[PDB]
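Below: one structure, written as structure tokens.
Labels below follow one simple rule: chain letters A, B, ... track the order of the sequence lines, proteins then strands, and each chain is numbered from 1. Every heavy atom of this structure was used, including side-chain atoms; hydrogens, water molecules and symmetry mates were not.
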2 protein chains.
Amino acid sequence: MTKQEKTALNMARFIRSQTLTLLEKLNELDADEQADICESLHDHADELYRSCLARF
Amino acid sequence: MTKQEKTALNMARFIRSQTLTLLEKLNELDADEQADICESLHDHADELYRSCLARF
């Protein structure tokens, strides 16, 4: 991979981790609708990360 | 807002910014399918941030 692709892959992995950290924060606050949105977000983040891994 | 809600709101805003930064990285690499996924991701991130703002 190039250095620019490595950066992009690391960023997608970071976002994917961050959305799981926020999901647990929103579960601690019992913010139901926001946690449902956030779970979908983390799944969408994982889909991007895996797409980057396959391409790069 | 409580301090825990402020943290959660700041995290949602951070993710929303991060997905726009990655979108521009993926456009620079001409990674078409990944940028399309990432655009949708940033829209989904904005939807979570706005949902948090309205609740908190």
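- Side-chain atoms of A:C52 and B:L26, non-hydrogen and from C-beta on, do get closer than 4.5 Å to each other.
- Distance check: A:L9 CG to B:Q34 CD gives 10.5 Å after rounding to the nearest 0.5 Å.
- When every heavy atom of A:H44 is checked against every heavy atom of B:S40, the shortest pair comes out as CE1-OG, 3.1 Å.
- Taking CD of A:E33 as the start and CZ of B:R55 as the end, the distance is 7.5 Å to the nearest 0.5 Å.
- Side-chain contact check for B:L48 versus A:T19: every heavy-atom pair is 4.5 Å or farther apart.
- When all heavy atoms of B:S51 and A:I37 are compared, the pair lying nearest together is OG-CD1, 3.7 Å.
- Using a 4.5 Å heavy-atom threshold, the side chains of B:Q18 and A:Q18 count as separate.
- Follow the hydrophobic side-chain contacts under 4.5 Å out from A:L22 and you reach B:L53 in the same cluster.
- Both the backbone and the side chain of B:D32 come within contact range of chain A, judged by heavy atoms closer than 4.5 Å.
- Contact record, A:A8 with B:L29: CB-CD1, 4.0 Å, taken as the closest heavy-atom pair.
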